[PDB]
Each structure stands twice: as structure tokens, then as C-alpha cells.
Amino acid sequence: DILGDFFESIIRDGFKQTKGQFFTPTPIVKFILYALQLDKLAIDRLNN
Amino acid sequence: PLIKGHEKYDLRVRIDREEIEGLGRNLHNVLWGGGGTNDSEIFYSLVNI
Ligand SMILES: Nc1ncnc2c1ncn2[C@@H]1O[C@H](CSCC[C@H](N)C(=O)O)[C@@H](O)[C@H]1O
């Protein structure tokens, strides 16, 4: 997992989010994923 | 069809600023959709059109 950080380094430095193309901030995404109990659902699906 | 020289189905002469502005806004809105097309892509697409 070393080229990923390369690409988000590229994305951060030069994308120019402006207004037409913005991204959901990572805290919001993680809150959505945890509020759905995604880890628990994945564990239960794998375990059964 | 818009026959050239036809007195009825001719080309719309006598246009004002308001029509151009309304075009500008809607075209910037309809062509961008919901983020489908970039602003610069739209710009040179209209330049060519
Ligand atoms: N059917 C559709 N109509 C309009 N936009 C769509 C679409 N399907 C996908 N999209 C895309 O959805 C994006 C909305 S913003 C994308 C969500 C968030 N910023 C994120 O990165 O996760 C737009 O950039 C658009 O390109």
C-alpha cells in the first residue's frame, strides 16, 4: 500500500476541487460507514 | 425545416441580451447535468458548435 498514498498526494496537489467537482469529506464517509455497522455486517456475513 | 430565405421558417433575427443570458445560464446548467461534464469541456464544445 504505497502507490495509493502516491495518488492521493497527486489528488491533493493539483486537482482544484472548485465547486462543480467536490468530494464528500472523509469524516462524513467514515461516519456513514460506521453508522451502518458495515464491519459488523461483513463479519456476520462472512461468519455465516 | 428552416429553409434559408423562407419568409416564415427563417433564422431568428433581432435578439437581445436577455435571451443570450438565459441561454448561457441554462446551457451551463443543462450540459453540466449533475457533474457529468467538465466546465472546460463544455466551453470548447460550445466554441466548436
Ligand atoms: N446518473 C448520474 N447523474 C448525475 N451525476 C452522476 C450520475 N451518476 C454518477 N454521477 C456523479 O456523481 C457525482 C456527484 S458528487 C459525487 C459524490 C461525492 N462527491 C463522492 O466523491 O463520493 C458527480 O460528479 C457525477 O459525475
# chains A, B, ... in the order shown; residues from 1 in each chain; ligands from 1

call {"tool": "residues_near_ligand", "arguments": {"ligand": "ligand 1", "cutoff": "8 Å", "atoms": "only C-alpha atoms and all ligand atoms", "output": "NGL selection string"}}
result
(:A and (20-24)) or (:B and (33-37))

call {"tool": "write_last_selection", "arguments": {"atoms": "N, CA, C and O atoms", "output": "CSV table (one decimal), in the first residue's frame"}}
result
chain,number,residue,atom,x,y,z
A,20,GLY,N,-17.8,22.6,-9.0
A,20,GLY,CA,-18.5,21.6,-9.8
A,20,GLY,C,-18.2,20.2,-9.4
A,20,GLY,O,-19.1,19.3,-9.4
A,21,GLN,N,-16.9,19.9,-9.1
A,21,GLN,CA,-16.5,18.6,-8.7
A,21,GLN,C,-15.8,18.6,-7.3
A,21,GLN,O,-14.6,18.8,-7.2
A,22,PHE,N,-16.6,18.4,-6.3
A,22,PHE,CA,-16.1,18.3,-5.0
A,22,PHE,C,-16.4,16.9,-4.4
A,22,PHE,O,-17.0,16.1,-5.1
A,23,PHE,N,-15.8,16.6,-3.3
A,23,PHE,CA,-15.8,15.2,-2.7
A,23,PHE,C,-16.4,15.3,-1.3
A,23,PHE,O,-16.3,16.3,-0.6
A,24,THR,N,-17.1,14.2,-1.0
A,24,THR,CA,-17.6,14.0,0.4
A,24,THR,C,-16.4,13.9,1.3
A,24,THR,O,-15.6,13.0,1.1
B,33,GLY,N,-25.3,19.0,-16.2
B,33,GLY,CA,-26.1,17.9,-15.7
B,33,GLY,C,-26.0,17.8,-14.1
B,33,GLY,O,-26.6,18.6,-13.4
B,34,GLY,N,-25.4,16.8,-13.6
B,34,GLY,CA,-25.1,16.6,-12.2
B,34,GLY,C,-23.7,16.4,-11.9
B,34,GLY,O,-23.3,15.6,-11.0
B,35,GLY,N,-22.8,17.0,-12.7
B,35,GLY,CA,-21.4,16.7,-12.7
B,35,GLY,C,-20.8,15.9,-13.8
B,35,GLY,O,-19.7,15.5,-13.8
B,36,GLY,N,-21.7,15.5,-14.8
B,36,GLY,CA,-21.3,14.7,-15.9
B,36,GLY,C,-20.2,15.2,-16.8
B,36,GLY,O,-19.3,14.5,-17.2
B,37,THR,N,-20.2,16.5,-17.1
B,37,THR,CA,-19.3,17.1,-18.0
B,37,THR,C,-18.6,18.3,-17.3
B,37,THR,O,-19.1,19.1,-16.6

call {"tool": "atom_distance", "arguments": {"atom1": "atom CA of residue A:27", "atom2": "atom CA of residue B:38"}}
result
26.3 Å

call {"tool": "closest_residue", "arguments": {"among": "A:6, A:40, A:34, A:18", "to": "chain B", "atoms": "only C-alpha atoms"}}
result
A:18

call {"tool": "atom_distance", "arguments": {"atom1": "atom CA of residue A:7", "atom2": "atom CA of residue B:42"}}
result
26.5 Å
